[PDB]
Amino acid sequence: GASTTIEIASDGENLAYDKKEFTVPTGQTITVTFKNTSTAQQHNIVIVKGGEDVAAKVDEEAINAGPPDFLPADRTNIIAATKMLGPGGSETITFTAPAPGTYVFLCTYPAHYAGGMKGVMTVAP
């Protein structure tokens, strides 16, 4: 199940990814390519350091941070994040997988996380 190279995309015009979960091996370099395949939406992907409580706080810092990237000033709670992609844009991010555990991924464009645009990165031991 575990993989070091992940391809993920938005689903149509909905506030959802085409993957709700993926697994990565701990301690190794991971490549994640996100494609905003929508025709009219803004999307990113943010992998946070922990679960739903961390994700909620990053989402709130994001909407306060505002346009155009909607990300917090620093990455203390972020494993990796793309920039805010327009329709048809894509980005590839790179990070050492952290300690084994479950890590929420989410889009921080306003209302999209609450709208269900989220998933879980499981990090295998």
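Residue numbers here begin at 1 and follow the sequence given.
**Q** Look up the CA B-factors in the entry and say which stretch, 44-52 or 70-78, has the higher mean.
**A** That would be 70-78.
**Q** Check where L15 lands among this chain's C-alpha B-factors and tell me if it's the lowest, middle or highest third.
**A** For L15, the deposited C-alpha B-factor lands in the middle third.
**Q** Report the third (lowest, middle or highest) to which the CA temperature factor of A9 belongs, ranking only the modelled residues of the same chain.
**A** Middle third.
**Q** Name the third of the chain's ranked CA B-factors that contains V104, choosing lowest, middle or highest.
**A** CA B-factor rank for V104: lowest third.
**Q** Check where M117 lands among this chain's C-alpha B-factors and tell me if it's the lowest, middle or highest third.
**A** Middle third of the chain for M117's C-alpha B-factor.
**Q** Going by the CA temperature factor in the PDB record, which third of the chain does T94 belong to: lowest, middle or highest?
**A** As the PDB entry reports it, the C-alpha B-factor of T94 lands in the highest third of its chain.
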